[PDB]
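Reading through the structure tokens given below for one structure.
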Amino acid sequence: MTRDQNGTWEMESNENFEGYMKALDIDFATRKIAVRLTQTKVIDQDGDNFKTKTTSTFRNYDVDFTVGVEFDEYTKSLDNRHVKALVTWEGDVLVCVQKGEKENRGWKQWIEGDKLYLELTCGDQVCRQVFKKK
Ligand SMILES: CCCCC/C=C\C/C=C\C/C=C\C/C=C\CCCC(=O)SC[C@H](O)CO
């Protein structure tokens, strides 16, 4: 029973964020700033209802969803695309498919120990993020 992801989470590693951003066609200037940044993620979770706020000094991004309920997602101030998103549970791993113009786009997020893991995929690029609880 490790589905409880509530908390404030501070990034400690960010593997291949550059490649993931390039796969989303983020321009070089934006990538140059973004790749440097420590992200903080606040998760407010009530059962299958999630509200997430991811912040940095450069961009912030909020996304809310209910597991199992498809929603329209506009990735405002990231790559600024519209997708149809669905989050499901696979065991205790939160799995999101973002269907749209980029093939194989999604993410997976789960707890292991006292860390939160987030793997973001676009095409053949995977970014692996690890967060420690504050
Ligand atoms: C917001 C901080 C970005 C700094 C880089 C700025 C510009 C780079 C521009 C584009 C890079 C694309 C995405 C950013 C990656 C992760 C952000 C979070 C996305 C989520 O919601 S993932 C699910 C959530 O974890 C659920 O709980």
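Within each chain, counting starts at residue 1; across the structure tokens, chains are named A, B, ... in the order shown, with ligands numbered 1 upward in that order.
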
Exercise for review: List the neighbours of residue 132 in chain A out to 10 Å using only C-alpha atoms; skip same-chain residues closer than 6 positions along the sequence, and give me the result as a ChimeraX atom specification.
Suggested key: /A:7-13,40-41,113-117

If you keep N, CA and C atoms, can you produce a file of those selected residues as a compact mmCIF listing (two decimals), in the first residue's frame?
# COMPACT_ATOMS: atom_id res chain seq x y z
N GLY A 7 2.58 15.13 -0.29
CA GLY A 7 3.72 15.77 0.33
C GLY A 7 4.30 16.85 -0.54
N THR A 8 5.36 17.46 -0.01
CA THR A 8 6.18 18.41 -0.73
C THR A 8 7.51 17.74 -1.02
N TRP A 9 7.88 17.72 -2.30
CA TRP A 9 8.96 16.90 -2.81
C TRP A 9 9.99 17.79 -3.50
N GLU A 10 11.26 17.60 -3.16
CA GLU A 10 12.35 18.39 -3.71
C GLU A 10 13.22 17.52 -4.61
N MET A 11 13.45 17.99 -5.83
CA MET A 11 14.22 17.24 -6.81
C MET A 11 15.66 17.06 -6.33
N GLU A 12 16.15 15.83 -6.41
CA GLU A 12 17.57 15.60 -6.20
C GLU A 12 18.32 15.09 -7.42
N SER A 13 17.63 14.56 -8.45
CA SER A 13 18.29 14.23 -9.70
C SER A 13 17.28 14.32 -10.84
N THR A 40 10.47 21.69 -7.46
CA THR A 40 9.73 21.28 -6.28
C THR A 40 8.33 20.83 -6.71
N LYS A 41 7.81 19.78 -6.10
CA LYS A 41 6.51 19.24 -6.48
C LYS A 41 5.67 19.06 -5.24
N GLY A 113 10.54 3.66 -0.85
CA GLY A 113 11.21 4.15 0.32
C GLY A 113 10.64 5.50 0.67
N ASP A 114 11.53 6.47 0.90
CA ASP A 114 11.16 7.85 1.18
C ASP A 114 11.38 8.76 -0.02
N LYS A 115 11.38 8.20 -1.23
CA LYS A 115 11.61 8.99 -2.44
C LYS A 115 10.43 8.85 -3.39
N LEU A 116 10.22 9.90 -4.17
CA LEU A 116 9.24 9.89 -5.24
C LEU A 116 9.99 9.84 -6.55
N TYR A 117 9.60 8.91 -7.41
CA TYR A 117 10.21 8.73 -8.71
C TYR A 117 9.21 9.16 -9.79

Check your understanding: Per DSSP on the backbone, what are the helix (DSSP H, G or I) residues of range 1-99 of chain A, as a list in words?
Key -> residues 17, 18, 19, 20, 21, 22, 23, 28, 29, 30, 31, 32, 33 and 34 of chain A

Practice item. With only C-alpha atoms and all ligand atoms counted, collect every polymer residue having an atom within 7 Å of ligand 1; state the result as an NGL selection string. Key: :A and (21 or 26 or 30-31 or 34-35 or 37 or 39 or 41 or 43 or 52 or 54-56 or 58-63 or 77-79 or 107 or 109 or 118)

**Study point:** Pick from A:70, A:51, A:125, A:24, whichever lies nearest to residue 102 in chain A using only C-alpha atoms
**Key:** A:24

Check your understanding: Residues at most 8 Å from residue 119 in chain A, counting only C-alpha atoms, excluding those fewer than 5 positions away in the same chain, as number ranges by chain?
Key -> A: 107-109, 126-129

Take the residues from that selection and put them in a file with N, CA, C and O atoms, as a PDB file, in the first residue's frame.
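Listed below is the output, out-v2.pdb:
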ATOM      1  N   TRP A 107       3.938   9.541 -18.631  1.00  0.00           N
ATOM      2  CA  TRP A 107       4.809   9.552 -17.462  1.00  0.00           C
ATOM      3  C   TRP A 107       4.323   8.505 -16.478  1.00  0.00           C
ATOM      4  O   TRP A 107       3.202   8.001 -16.563  1.00  0.00           O
ATOM      5  N   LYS A 108       5.228   8.141 -15.562  1.00  0.00           N
ATOM      6  CA  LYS A 108       4.934   7.200 -14.493  1.00  0.00           C
ATOM      7  C   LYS A 108       5.526   7.751 -13.209  1.00  0.00           C
ATOM      8  O   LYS A 108       6.663   8.241 -13.207  1.00  0.00           O
ATOM      9  N   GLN A 109       4.773   7.646 -12.120  1.00  0.00           N
ATOM     10  CA  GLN A 109       5.172   8.259 -10.867  1.00  0.00           C
ATOM     11  C   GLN A 109       4.851   7.311  -9.718  1.00  0.00           C
ATOM     12  O   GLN A 109       3.737   6.799  -9.630  1.00  0.00           O
ATOM     13  N   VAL A 126      13.615   9.115 -22.419  1.00  0.00           N
ATOM     14  CA  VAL A 126      13.085   8.957 -21.072  1.00  0.00           C
ATOM     15  C   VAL A 126      13.890   9.850 -20.149  1.00  0.00           C
ATOM     16  O   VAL A 126      15.131   9.778 -20.129  1.00  0.00           O
ATOM     17  N   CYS A 127      13.191  10.640 -19.350  1.00  0.00           N
ATOM     18  CA  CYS A 127      13.789  11.465 -18.313  1.00  0.00           C
ATOM     19  C   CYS A 127      13.433  10.842 -16.975  1.00  0.00           C
ATOM     20  O   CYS A 127      12.265  10.558 -16.710  1.00  0.00           O
ATOM     21  N   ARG A 128      14.429  10.656 -16.115  1.00  0.00           N
ATOM     22  CA  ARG A 128      14.205  10.009 -14.827  1.00  0.00           C
ATOM     23  C   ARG A 128      14.474  11.021 -13.728  1.00  0.00           C
ATOM     24  O   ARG A 128      15.622  11.451 -13.547  1.00  0.00           O
ATOM     25  N   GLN A 129      13.447  11.360 -12.966  1.00  0.00           N
ATOM     26  CA  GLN A 129      13.575  12.321 -11.883  1.00  0.00           C
ATOM     27  C   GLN A 129      13.384  11.615 -10.555  1.00  0.00           C
ATOM     28  O   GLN A 129      12.556  10.714 -10.440  1.00  0.00           O
TER      29      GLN A 129
END

Exercise for review: Do a neighbour search on residue 99 in chain A at 9 Å with only C-alpha atoms, toss out local chain neighbours closer than 4 positions, and write the hits as a PyMOL selection string.
Suggested key: chain A and resi 82-86+103-106

Exercise for review: Enumerate as a PyMOL selection string all residues of chain A assigned to strand (DSSP E) by DSSP on the backbone, naming them with the chain letters and numbers the document uses.
Suggested key: chain A and resi 7-15+40-46+49-55+60-66+71-74+82-90+93-99+106-112+115-122+125-133

**Study point:** Counting only C-alpha atoms, the residue of A:124, A:15, A:48, A:25 that sits nearest residue 80 in chain A
**Key:**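 The shortest atom-to-atom distance to residue 80 in chain A comes from A:25.
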
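Going from CA of residue 71 in chain A over to CA of residue 94 in chain A, you cover 15.2 Å.
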
Review point. Any idea what's packed within 9 Å of residue 89 in chain A, counting only C-alpha atoms, ignoring anything in its chain fewer than 3 positions away? Could you give it as a count of residues only?
Key: 8

Practice item. Choose the residue, out of A:69, A:97, A:130, A:29, that has the smallest atom-to-atom separation from residue 112 in chain A; count only C-alpha atoms. Key: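 Of A:69, A:97, A:130, A:29, the one nearest residue 112 in chain A, counting only C-alpha atoms, is A:130.
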